[PDB]
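Bear in mind that the values in this text are calculations on the coordinates, not laboratory data. Heads up, the Cβs are rebuilt from the backbone with ideal geometry, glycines too, and the neighbour counts pull from every protein chain shown.
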Amino acid sequence: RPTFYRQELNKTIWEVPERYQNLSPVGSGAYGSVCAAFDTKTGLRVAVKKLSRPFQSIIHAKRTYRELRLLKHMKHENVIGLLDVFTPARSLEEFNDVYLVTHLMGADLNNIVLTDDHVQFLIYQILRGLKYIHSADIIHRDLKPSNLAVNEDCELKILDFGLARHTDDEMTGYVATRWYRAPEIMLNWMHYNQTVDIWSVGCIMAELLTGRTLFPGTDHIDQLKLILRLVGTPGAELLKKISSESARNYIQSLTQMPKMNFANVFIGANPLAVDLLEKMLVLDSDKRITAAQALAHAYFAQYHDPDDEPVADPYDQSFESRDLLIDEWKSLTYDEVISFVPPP
Ligand SMILES: On1c(-c2ccncc2)c(-c2ccc(F)cc2)c2ncccc21
C-alpha cells in the first residue's frame, strides 16, 4: 500500500498516492471531477478522476462497476488504457471513493477539424480500435469527434466507456450529442447492432473531409429528414425490421426519396473515400460494412496490416443482466480495484 496525501481540489478532499504530483483541475460535472497530474512513477501526464456518488443508488453502483470492468479490459493502442485505479480505504467496510487514472488527453478530433492522407490515418485508427472493441461484443454507442483523442503526431484513442447515459434533455435540439447517432438508436427503431458505431464513423469521416457536420439536425425529426435525403427513404425490407409500429408508421408518412449520388455530395473527394462512405452510411444496419471489413477496404491500403489489427480477449458481461443490491455491486467494484495490476 502506498502513502496517500490529502489536498482540497474542486471543492472535495482528494486523497491520492504520493506518486501523483501537481494536481490541477481540468474538468467537473455530475460524474465527479478530473485533475491533471504528473505520475512520477511512470513519467506520464495523467488524468485522475474522482468519482462522485459512485454507490448512491443501484443504477449508480452498477454503472461504477460497469465503467471499471470496461476500462480494465481495454488493452489496445487506439483505445483508452486504465493506468491505475485506487481508493484510500483499507477495507471494504470503509470503501467509499474511487479514483481512476488514464493518460491525460489534450486535443480531440474537434480541435483538428485535413488532407486525404490524414483522413485515411485517422479513420484507419478509429476502425482499428472499433475492430478490437467489437470483437469483445463491446459497443461504444456514442462515438463523436469529442471522444476521439489525437496527439501532435495524429495518433488516436477512442475514449468514453461505461459513462452515464445521456439524458433526453441533452439529446434535444441543435446538439452534437445527437448528430453522429445512427437513426435506429436515435429513434429507438429496433435492437441495435455493433454497426451503430460504423454509422458514427461515416458521419465523422464525412466531417473530416468537408469540414462540416454531415447531419446537423435541429431536432430528432429534422435530423432524420437530413439523413433520408442523403441515403434514401427505407424500402419495405428495412420497414419490417423497425419493430415499433409507431416509428414504422411515421417513417411511412414521408415522401419517398432516392439515395443521392455521393460523388456529387462529397465534391473533389477521393473516389475510394466516397465508396467507403456509401458502405458505412447504409440505413439498414444489417447491410452496413463492419470494422473488420472496412480495414480491408482499398481506401486504407497504405495503413492496412492484417497482422497488426488485433482483436480483444473475451469480455464477460453477464453482469449486465444481473440484478444486485447496492452493497453487492460495491463489493464487486472493490474486488476489481484490489485485483488491478498496472500495465508495463
Ligand atoms: O474528460 N474526462 C476524462 C479525461 C480523460 C483524459 N484526459 C482528460 C480528461 C475522464 C476520465 C478520466 C480518467 C479515467 F480513468 C477515465 C475517464 C472522464 N470521465 C467522465 C467524464 C469526463 C471525463
Using a 10 Å cut-off on Cβ atoms, rank the peptides 199-212, 120-133 from the highest mean neighbour count down. 120-133, 199-212
Residue list for region 107-139, given a label point 7 angstrom along the Cα-to-Cβ vector of residue 311 and an amide N cut-off under 18 Å: 127-139
Simple spin-label model, 7 Å along Cα-to-Cβ: residue 94 to residue 192 in nm? 4.3 nm
Here the net charge surrounding residue 72, from other residues whose Cβ is less than 13 Å away from its Cβ (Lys, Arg +1; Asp, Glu -1), is -3
Ranking 166, 60 by Cβ neighbours within 10 Å, fewest first, what do you get? 166, 60
I need 284, 153, 316 ordered by Cβ neighbour count within 10 Å, fewest first. 153, 316, 284
Where does the chain land at 222 nm, in deg cm²/dmol rounded to the nearest 500, when only DSSP H runs of n ≥ 4 count, each adding -39500 (n - 2.57), divided by all residues? -9500 deg cm²/dmol
Using alpha carbon centers only, region 93-159 is separated from region 263-339 by a whole-angstrom value of 11 Å
Largest to smallest principal axis extent of the C-alpha atoms in region 107-311, angstrom: 47, 39, 30
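Hull surface divided by four, with the convex hull built on the Cα atoms of the chain: how many nm²?
18.5 nm²
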